[PDB]
Amino acid sequence: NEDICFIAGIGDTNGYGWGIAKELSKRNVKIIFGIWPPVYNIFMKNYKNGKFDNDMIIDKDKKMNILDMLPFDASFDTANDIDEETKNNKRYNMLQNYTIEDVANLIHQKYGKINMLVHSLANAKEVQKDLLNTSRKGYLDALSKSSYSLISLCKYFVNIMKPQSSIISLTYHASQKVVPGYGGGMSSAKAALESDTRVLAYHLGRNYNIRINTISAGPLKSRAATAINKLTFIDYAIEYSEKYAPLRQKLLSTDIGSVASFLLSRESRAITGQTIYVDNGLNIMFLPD
Amino acid sequence: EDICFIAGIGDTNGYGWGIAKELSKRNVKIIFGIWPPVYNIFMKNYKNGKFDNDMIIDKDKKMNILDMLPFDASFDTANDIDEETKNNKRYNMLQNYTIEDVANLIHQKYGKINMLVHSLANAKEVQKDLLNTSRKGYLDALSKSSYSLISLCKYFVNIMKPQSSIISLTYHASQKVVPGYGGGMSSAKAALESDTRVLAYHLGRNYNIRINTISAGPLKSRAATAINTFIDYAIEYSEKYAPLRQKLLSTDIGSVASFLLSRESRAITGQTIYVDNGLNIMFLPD
Amino acid sequence: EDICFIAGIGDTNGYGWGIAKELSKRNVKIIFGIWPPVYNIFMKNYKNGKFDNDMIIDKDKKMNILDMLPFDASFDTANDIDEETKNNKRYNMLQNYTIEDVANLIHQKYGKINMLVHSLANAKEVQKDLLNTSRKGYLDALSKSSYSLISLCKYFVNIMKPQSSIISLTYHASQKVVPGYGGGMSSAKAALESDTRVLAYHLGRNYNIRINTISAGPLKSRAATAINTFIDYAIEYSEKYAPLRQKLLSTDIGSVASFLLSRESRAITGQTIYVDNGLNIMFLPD
Amino acid sequence: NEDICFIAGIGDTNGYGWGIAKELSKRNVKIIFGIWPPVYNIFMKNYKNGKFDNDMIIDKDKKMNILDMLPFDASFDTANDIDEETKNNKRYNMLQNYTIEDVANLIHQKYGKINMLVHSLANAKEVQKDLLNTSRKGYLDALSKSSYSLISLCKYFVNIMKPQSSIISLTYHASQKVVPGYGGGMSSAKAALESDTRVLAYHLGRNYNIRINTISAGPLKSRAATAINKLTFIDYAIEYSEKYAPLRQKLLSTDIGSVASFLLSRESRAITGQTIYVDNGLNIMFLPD
Ligand SMILES: NC(=O)c1ccc[n+]([C@@H]2O[C@H](COP(=O)([O-])OP(=O)(O)OC[C@H]3O[C@@H](n4cnc5c(N)ncnc54)[C@H](O)[C@@H]3O)[C@@H](O)[C@H]2O)c1
Ligand SMILES: NC(=O)c1ccc[n+]([C@@H]2O[C@H](COP(=O)([O-])OP(=O)(O)OC[C@H]3O[C@@H](n4cnc5c(N)ncnc54)[C@H](O)[C@@H]3O)[C@@H](O)[C@H]2O)c1
Ligand SMILES: NC(=O)c1ccc[n+]([C@@H]2O[C@H](COP(=O)([O-])OP(=O)(O)OC[C@H]3O[C@@H](n4cnc5c(N)ncnc54)[C@H](O)[C@@H]3O)[C@@H](O)[C@H]2O)c1
Ligand SMILES: NC(=O)c1ccc[n+]([C@@H]2O[C@H](COP(=O)([O-])OP(=O)(O)OC[C@H]3O[C@@H](n4cnc5c(N)ncnc54)[C@H](O)[C@@H]3O)[C@@H](O)[C@H]2O)c1
Ligand SMILES: Nc1cc(Cl)ccc1Oc1ccc(Cl)cc1O
Ligand SMILES: Nc1cc(Cl)ccc1Oc1ccc(Cl)cc1O
Ligand SMILES: Nc1cc(Cl)ccc1Oc1ccc(Cl)cc1O
Ligand SMILES: Nc1cc(Cl)ccc1Oc1ccc(Cl)cc1O
């Protein structure tokens with residue numbers, strides 16, 4: 001029935017955004033990528049040069065179909081928020097309509113209303129620092145980019161979404177339990193995001209009949225995950241998860257993708273405001289073996 | 001060839017039926033576990049076509065029911081049945097309805113299965129507040145509503161394939177106070193949600209089998225009507241205050257169940273998943 | 001004239017004793033409820049001065065023990081005792097040890113009390129994993145460890161003053177998986193924490209009485225030693241990974257209990273309070 | 001044994017800061033007030049003129065003793081963070097050493113090391129707006145003033161605190177469950193604060209043997225609470241609490257104070273990283289009557 005999904009936060013094929021795209025594509029949902037301007041050019045070149053073709057293979061019966069690929073920066077709500085420096089920066093200078101409001105408008109003009117929205121991004125300048133050593137600026141950066149970006153995303157996309165639409169984001173259990181090394185206010189940011197998902201579920205539910213949930217994912221060696229280490233963090237997390245989770249299988253990006261796909265579909269019609277753990281059951285453990 | 005056993009169907013008005021309907025959409029073969037005191041009433045209504053409209057999925061298909069068997073979650077094995085039950089008019093003409101007996105019967109008739117649904121509860125003192133519940137009444141609630149899941153798992157894992165999946169149904173009274181949800185049902189649900197985690201660990205590590213529980217919102221089922229207009233209140237409150245105003249349907253729980261029982265959810269286990277139009281997230285009635 | 005009944009003291013090595021010591025600091029009169037199979041051993045050790053050093057509070061004072069009574073949380077009333085127990089060598093020389101009988105005895109001897117501590121648990125199959133626990137074993141855990149709180153409340157409220165306060169002890173295995181905490185103890189604790197909320201509502205509205213539960217970290221008590229080196233592991237893990245490295249003492253739980261039982265906490269009820277050096281907040285062992 | 005407590009966030013006698021001061025004073029703890037510069041002058045005048053004397057009465061046996069009263073703005077980590085405008089603002093111009101670091105230094109110089117710390121402040125420019133209508137600036141303001149201020153407070157005060165010291169803040173259940181009207185990112189901010197309390201408990205515990213907890217308080221008609229209403233919010237909350245809480249008594253500021261006092265004392269030695277509800281049990285309810 002022409003399901004269309006905007007995925008905010010893909011920069012290569014190694015993260016959760018790609019797994020989500022892949023699983024949605026299997027269900028025939030049309031995909032639009034929102035790509036952060038620092039990685040946008042290299043994403044487009046790699047794509048054009050066929051570097052992603054193997055990764056786009058669904059089952060060798062089918063391959064992913066990408067409707068569109070758009071520059072997107074979740075730091076900026078509207079054109080008026082973009083500082084002169086950023087506007088003129090080498091990587092931004094050749095790009096247009098990349099703020100949250102502008103991408104919503106652009107999508108609406110080209111394709112009309114959509115019914116699925118994925119927030120799959122996060123950022124924090126001081127992620128390598130422990131919370132106690134994080135500055136005011138660095139903490140506010142984490143909240144701005146990782147948490148506020150969801151609210152803003154919702155604010156502007158609800159106008160271009162049909163009733164009974166669905167929105168998902170991605171979170172991590174460090175919001176609820178202590179993960180040393182998940183620094184820079186990222187733990188704080190995921191805690192805010194999980195709480196905001198409830199408040200948004202209430203308002204979007206009553207005022208638009210739109211659902212919103214978040215997926216608390218287990219560890220995946222994405223490009224962003226690698227950046228967490230100082231002086232690795234993700235290696236430890238993965239090793240620990242595969243050794244101690246109730247389910248010992250390797251956690252795949254498409255494992256999250258298939259849950260995202262369910263949550264974005266009408267099958268999850270009575271679920272909203274929730275944090276859903278897709279982490280091989282690791283979250284349930286207290287004492288290891 | 002997916003097969004699901006659904007323990008706890010008494011008519012077409014509860015969550016078991018909605019779960020059956022939705023699994024039927026995905027062409028899963030369904031086997032009903034029916035409490036013996038209502039087994040013959042159910043079979044008669046079924047034979048008489050009372051459930052026919054309720055069995056329609058759409059233009060294409062109609063529910064495919066593989067089998068319907070008497071099943072009593074009060075009893076683990078044949079040895080556990082008391083004489084009063086043996087001498088009951090409703091039980092005396094039935095056989096092989098203990099938890100172990102039904103596992104053996106299903107396995108003998110159809111081989112290994114890969115989906116298991118616990119959709120049952122009982123508490124002989126549900127109408128009393130917790131403080132006025134007796135020891136026998138409280139332990140009955142836990143026996144029928146909580147331990148029954150553990151025993152179901154114990155006997156059914158042997159007849160299940162690797163990567164199988166199990167769900168039960170719970171209610172948010174385990175976590176926040178619902179006056180009226182009495183007789184130790186709130187306790188039973190708290191135990192069920194906790195047991196779901198412990199079972200998830202053991203079943204996952206030993207068998208690669210998953211187990212989850214769905215925390216459902218209110219539905220005007222037969223069991224619900226037995227709690228003391230309680231259900232009319234809960235439904236009215238939910239439809240007034242839940243983030244989503246839609247009427248909650250048994251098939252809304254059914255489609256979540258179907259997802260949790262399928263391989264699409266291979267990385268989810270030990271979880272309480274809320275399917276209640278968001279009501280659980282609210283604090284202050286607006 | 002504050003009086004506290006402490007149900008579940010068997011020696012000086014568990015949390016009941018630590019709670020007794022701390023309440024004694026505040027000059028609360030303490031009455032011990034002692035499980036009959038260990039009642040005479042306890043009385044003999046006490047008479048023989050084995051507990052004397054353990055009774056010292058400081059330079060000033062020593063624990064003031066008002067009374068010590070046999071108490072069995074298995075039985076609500078005299079009628080509930082089975083003949084095998086009646087004919088037991090340890091029970092036959094004792095009397096008035098059912099929950100109701102002890103409430104009546106305390107009230108007759110000393111009048112109304114204002115503090116109640118449930119510091120007991122039992123599970124006959126604690127050494128089995130949940131999946132291998134039988135119905136009788138699982139219901140025993142719930143009967144002795146969970147329902148006992150409800151019944152304690154039921155019978156003791158009549159002998160308590162308005163604004164009285166009640167606590168029990170739980171463990172984080174109710175909420176997160178602890179392999180080894182078997183026999184349905186994890187289930188019993190989940191039910192206990194849930195029941196604490198439901199009881200809080202009813203006791204608060206009807207009697208202005210508060211009830212809370214303390215989720216304690218590991219202590220090398222007699223009961224703990226019976227779980228299967230499990231306790232040595234938990235202690236070692238806790239002292240290695242808890243935010244606070246201090247050794248957890250029974251009196252660390254005792255001073256929290258004393259606060260929860262006093263009027264300083266008049267606005268706290270229905271809560272699970274973690275007294276475990278912060279261990280529960282951790283996800284990833286650093 | 002000369003217990004000394006710094007209370008960050010008092011501006012009159014109607015809030016939780018005053019109840020906390022009163023209960024601590026009963027235990028003979030010496031109190032130092034950190035007073036936000038916009039209300040500081042009026043606080044000092046009222047005090048000098050004896051306007052608080054009745055409110056300082058403990059039991060007519062005893063009256064509160066306040067060791068010191070210091071201008072304090074939790075927006076600023078160090079002197080170097082203060083913008084020229086604020087430095088020169090009418091209400092700030094005559095005040096000195098009011099940043100987090102400067103007050104810590106000042107306290108240390110005058111009285112040596114302390115052992116108790118209370119964060120009893122919050123702020124959010126757009127509190128009257130629902131989350132969806134909150135701007136990026138307004139949301140970041142809520143997190144900065146209500147959440148980051150705790151981390152910073154901890155960072156600078158740990159150097160002037162003894163081992164086995166204790167720190168508390170105040171939070172509200174809107175972090176966990178939806179409270180329509182608790183707007184501007186305050187819900188997000190309390191969610192971050194509750195999560196930060198865990199991460200801080202871990203680091204302060206291991207590296208300083210210092211405890212930190214937060215109290216999730218029920219509704220109290222403080223000056224700040226009144227400011228929440230638009231176009232009242234607190235009236236509704238109070239009425240609802242007294243009608244539906246397990247305990248029907250009126251919730252008092254000193255009810256929180258006596259819990260704060262316990263948590264700050266050695267009696268709570270094995271408790272850290274926790275959210276403790278002091279709300280007459282309201283949080284435990286699902287369905288009202
Ligand atoms: N990787 C994990 O193990 C893991 C575990 C739990 C949660 N998550 C969450 O999943 C999400 C995806 O992260 P990932 O792990 O796939 O890494 P990723 O790099 O694949 O995803 C992050 C992407 O977001 C983009 N991005 C960053 N800032 C942006 C901005 N201001 N505007 C637009 N785009 C921006 C980046 O270009 C990047 O491609 C994150 O929110 C993360 O918190 C990841
Ligand atoms: N209906 C609701 O509002 C609601 C909300 C949350 C959870 N639930 C849960 O959903 C599940 C299904 O109940 P329902 O609401 O559909 O009502 P229901 O009456 O349709 O289902 C309960 C069934 O359990 C069966 N049963 C009772 N005792 C049994 C025993 N000893 N052995 C085998 N079967 C037995 C009954 O015959 C009945 O058919 C229950 O576990 C309930 O706790 C229901
Ligand atoms: N020790 C720990 O590590 C730990 C951690 C968390 C919680 N707890 C809880 O603290 C409480 C006290 O146990 P403990 O650890 O001090 O061990 P303990 O052995 O000192 O206390 C348990 C007591 O309960 C008594 N008891 C057993 N069955 C009884 C019955 N039917 N009626 C009356 N009394 C009975 C026993 O005689 C024993 O003295 C328990 O409820 C336990 O679950 C203990
Ligand atoms: N009042 C309630 O019902 C309630 C319920 C739950 C939690 N709380 C929490 O209790 C705390 C105290 O608030 P309250 O309700 O007592 O109102 P209050 O006005 O008594 O306390 C807030 C005080 O903090 C001060 N302050 C604000 N910004 C500051 C800054 N940047 N630097 C220094 N000081 C600043 C203000 O001058 C004010 O006096 C708040 O954190 C609030 O979130 C209050
Ligand atoms: N995308 C992103 C950005 C930053 Cl700065 C930090 C973590 C990020 O994602 C994550 C990666 C690994 C894990 Cl275990 C959790 C995450 O949330
Ligand atoms: N099936 C069953 C049996 C008993 Cl004794 C009590 C409730 C039962 O189901 C429910 C019905 C309505 C609601 Cl809101 C929750 C339930 O759990
Ligand atoms: N008192 C009791 C009885 C049984 Cl059967 C099992 C554990 C018991 O107490 C405990 C001891 C150690 C830990 Cl870590 C948790 C407990 O709950
Ligand atoms: N101190 C403060 C500042 C702002 Cl902007 C909003 C709320 C504030 O405190 C509160 C008041 C009432 C309630 Cl029920 C919760 C609060 O947290």
# chains A, B, ... in the order shown; residues from 1 in each chain; ligands from 1
$ residues_around --residues "range 11-18 of chain D" --least-positions-apart "6" --cutoff "6 Å" --atoms "only C-alpha atoms" --output "MDAnalysis selection string"
chainID D and resid 120 222 253
$ residues_around --residues "residue 275 in chain B" --least-positions-apart "6" --cutoff "10 Å" --atoms "only C-alpha atoms" --output "PyMOL selection string"
(chain A and resi 268-272+274) or (chain B and resi 171+214-218+248+252-254+256-257)
$ atom_distance --atom1 "CA of residue 98 in chain B" --atom2 "CA of residue 32 in chain B"
13.9 Å
$ atom_distance --atom1 "atom 8 (C, counted along the ligand's line) of ligand 8" --atom2 "CA of residue 273 in chain C"
24.9 Å
$ residues_around --residues "residue 231 in chain A" --least-positions-apart "4" --cutoff "12 Å" --atoms "only C-alpha atoms" --output "JSON, numbers by chain"
{"A": [128, 129, 227]}
$ interface_residues --of "chain D" --to "chain A" --cutoff "7 Å" --atoms "only C-alpha atoms" --output "VMD selection string"
chain D and resid 132 136 140 144 148 151 155 175 to 176 178 188 to 189 191 to 192 195 to 196 198 to 199
$ write_last_selection --atoms "C-alpha atoms" --output "tab-separated table (two decimals), in the first residue's frame"
chain	number	residue	atom	x	y	z
D	132	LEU	CA	6.59	18.67	21.53
D	136	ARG	CA	16.10	23.12	21.28
D	140	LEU	CA	18.94	22.35	26.68
D	144	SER	CA	21.74	22.38	31.88
D	148	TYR	CA	24.10	19.00	34.48
D	151	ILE	CA	27.24	16.54	37.88
D	155	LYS	CA	32.79	17.39	40.36
D	175	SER	CA	10.68	11.05	34.53
D	176	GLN	CA	9.20	7.53	34.63
D	178	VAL	CA	3.66	10.68	31.88
D	188	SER	CA	13.61	14.70	30.33
D	189	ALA	CA	15.80	16.46	32.86
D	191	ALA	CA	15.04	11.20	33.73
D	192	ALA	CA	18.66	12.27	33.04
D	195	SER	CA	20.21	8.01	35.43
D	196	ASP	CA	23.16	10.30	36.28
D	198	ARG	CA	23.57	5.84	39.14
D	199	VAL	CA	26.67	6.65	37.03
$ interface_residues --of "chain C" --to "chain D" --cutoff "6 Å" --atoms "only C-alpha atoms" --output "PyMOL selection string"
chain C and resi 201+204-205+243-244+255+264+267-270+275-278
$ atom_distance --atom1 "CA of residue 240 in chain B" --atom2 "CA of residue 14 in chain B"
21.6 Å
